[PDB]
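> Compute the structure for the input listed below.
(one chain, ligands or ions: 5)
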Amino acid sequence: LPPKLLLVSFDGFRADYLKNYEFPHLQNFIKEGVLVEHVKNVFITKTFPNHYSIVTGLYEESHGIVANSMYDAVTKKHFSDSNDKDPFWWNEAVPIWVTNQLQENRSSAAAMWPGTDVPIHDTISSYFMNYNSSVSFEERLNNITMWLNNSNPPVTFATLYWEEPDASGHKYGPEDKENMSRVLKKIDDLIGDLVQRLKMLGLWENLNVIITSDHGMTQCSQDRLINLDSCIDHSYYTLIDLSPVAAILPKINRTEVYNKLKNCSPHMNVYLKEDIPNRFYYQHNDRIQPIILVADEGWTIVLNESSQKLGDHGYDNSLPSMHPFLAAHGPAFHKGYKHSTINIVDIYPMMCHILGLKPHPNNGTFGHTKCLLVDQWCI
Ligand SMILES: *[C@@H]1O[C@H](CO)[C@@H](O[C@@H]2O[C@H](CO)[C@@H](O)[C@H](O)[C@H]2NC(C)=O)[C@H](O)[C@H]1NC(C)=O
Ligand SMILES: *[C@@H]1O[C@H](CO)[C@@H](O)[C@H](O)[C@H]1NC(C)=O
Ligand SMILES: *[C@@H]1O[C@H](CO)[C@@H](O)[C@H](O)[C@H]1NC(C)=O
Ligand SMILES: [Zn+2]
Ligand SMILES: [Zn+2]
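Residues are numbered from 1 along each chain as shown. Ligands and ions are numbered 1, 2, ... in the order given. Provided below are the atomic coordinates:
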């Protein structure tokens, strides 16, 4: 019987939510398993780029999903979260569900995880759901766990995705404790539903489960706005992505666009593509535009009519507010161990190890995850 792994993401689960709200079900999951208190994720700290990093072990410049909205000038193709089904956009890397699927006598399964409804290098998971945000968590849970438990050839890798607490974190902002506590209580209940379901099917003792997320959330404010329309005319550039990392494609002399934008607000950094800080690993890809604007934490780049959004993410990946957490339980994981931090790109080599897959070249460090694993030396 080959090892099995369920990877679960609750979108937008800021690491310090664990310290500020009560998660009885998640804490029960943790006490018989492992917790990484905060994971250093990848810039830019958006949903599609970070989910792909988890399943590839790659920085965004390397796997090619550099934002939730992209434009490739050469092919003229556009990407958005809904318009995300052209394999072109995913083919710069090979995600773990593909490597798993290519093994004889093994299958992959998916319930709503970004990209899992797209054939990547001509490979699609045996079981997958076409993205549909209306599908309940119960349906996602029941189908994913039934697939893991039944199925032949056996399902050895599975993904499970949920849109909260990201959606409501944007709505209320993470500083709204009254409303966020209700949001997060529901997430904790869903975690309880996951555990109860695993136990009922007798998967709980033998399935490896990772519960994690893609990024956190920080508070935005009408006192912290940078209006591009106040700084530069529309006719000078095309806006590929807006806030808090604006992707700017100049229509005229780049130097002219740069000179206006660099004198717009002290609350953002304005970079020529070739000046983007090395620490971001966000330069070496044609999908990165000639100029990017990076707003300081809690600042929002707007146009004249841009809607209010009390919470946001996308900021510098060194900010604690942007970091998710990771927890895990199962035969491969220690019981009751807690660790400060790992990098989000380390999850991939760890998962390949648990599953006995050959990892593709990546940016992760397996060593960072050894203390989580029963078969490994913990220095
Ligand atoms: C992250 O890992 C990737 C994968 O090995 C590295 O990308 C490779 O880099 C070399 C030279 O830069 C190329 O020959 C390969 O074709 C690249 N592969 C891919 C998939 O891009 C990348 O350099 C690593 N990043 C860092 C910062 O170390
Ligand atoms: C999305 O899911 C809901 C719930 O299953 C369903 O009623 C609806 O028809 C789905 N939409 C599409 C376009 O499949
Ligand atoms: C959930 O499983 C049922 C039963 O196998 C299936 O008919 C249904 O389409 C699944 N829901 C999806 C794929 O969203
Ligand atoms: Zn997200
Ligand atoms: Zn979001």
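
> which neighbours does the helix or strand that residue 341 is a member of have in its sheet, and in what orientation?
Take DSSP states H and E as the rule and residue 341 turns out to sit in strand 337-343. Here strand 337-343 is paired, per DSSP bridges, with strand 34-40 (parallel).

> buried set for the strand it pairs with?
Neighbour counts using 16 or more other Cβ atoms under 10 Å place 34-40 of strand 34-40 among the buried residues. C-betas here are computed from N, CA, C, even on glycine.

> Apart from its chain neighbours, what residue comes closest to the one residue in the chain that gets nearest to ligand 4?
Residue of the chain nearest ligand 4, by Cβ to the ion: residue 47 (3.1 Å). Nearest non-adjacent residue to residue 47, counting by Cβ to Cβ, 6 or more residues apart in numbering: residue 214, 5.5 Å away.

> Check residue 175 too.
residue 219 (4.5 Å).

> Residue 36 now?
residue 326 (4.2 Å).

> Please list the residues of the protein that sit near ligand 1.
58-59, 62, 281, 361-363 (Cβ under 6 Å from any ligand atom).

> Could you pull up the contacting residues of the residue of the stretch 101-250 of the chain found nearest ligand 1?
Closest to ligand 1 within the stretch 101-250 of the chain is residue 121: 12.6 Å, counting by Cβ to the nearest ligand atom. Taking Cβ atoms under 8 Å, 6 or more residues apart in numbering, we find residue 121 in contact with 87, 91, 94, 98.

> Kindly write the ChimeraX command that selects the buried subset of the residues of the chain next to ligand 1.
Filtering the residues of the chain next to ligand 1 down to the buried ones (16+ other Cβ under 10 Å) takes a single ChimeraX command:
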select :58,59,62,281,362,363
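
> Between which two of the residues of the chain next to ligand 1 is the distance greatest?
281 and 361 (14.6 Å; Cβ to Cβ).

> How is this protein divided into domains?
1-217+314-379, 218-313 (curated CATH domains).

> The last one and ligand 4, any residue contact?
Yep, that's domain 218-313 we're talking about. No: Domain 218-313 stays out of contact with ligand 4 when judged by Cβ under 5 Å from the ion, the minimum separation being 6.8 Å.

> Could you give the separation of that domain from the chain centroid?
From the chain centre to the centre of domain 218-313 is a distance of 21 Å (Cα atoms, centre = their mean, to the nearest Å).

> again with the first one
Centre-to-centre, domain 1-217+314-379 and its host chain are 7 Å apart (Cα atoms, centre = their mean).

> who in this structure is up against ligand 2?
132, 134-135.

> Now cross-check those residues against ligand 3 and list the overlap.
Near ligand 3, by the rule Cβ under 6 Å from any ligand atom, you find residue 135 out of these.

> Let me have the residues of the chain next to ligand 2 in a markdown table, adding neighbour count and secondary structure as columns.
Putting those into a markdown table (neighbours: other Cβ atoms under 10 Å; DSSP: H, G, I helix; E, B strand; the rest coil) gives the following:
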| residue | neighbour count | secondary structure |
| --- | --- | --- |
| 132 | 9 | coil |
| 134 | 5 | coil |
| 135 | 14 | coil |
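
> Quick one: neighbours of the residue of the chain closest to ligand 4, just the number.
Burial measure for residue 47: 23 neighbouring residues, criterion other Cβ atoms under 10 Å.

> Test my guess that it contacts residue 81.
Yes: applying Cβ atoms under 8 Å, one finds residue 47 in contact with residue 81, separated by 7.4 Å.

> I am finished for the moment; much appreciated.
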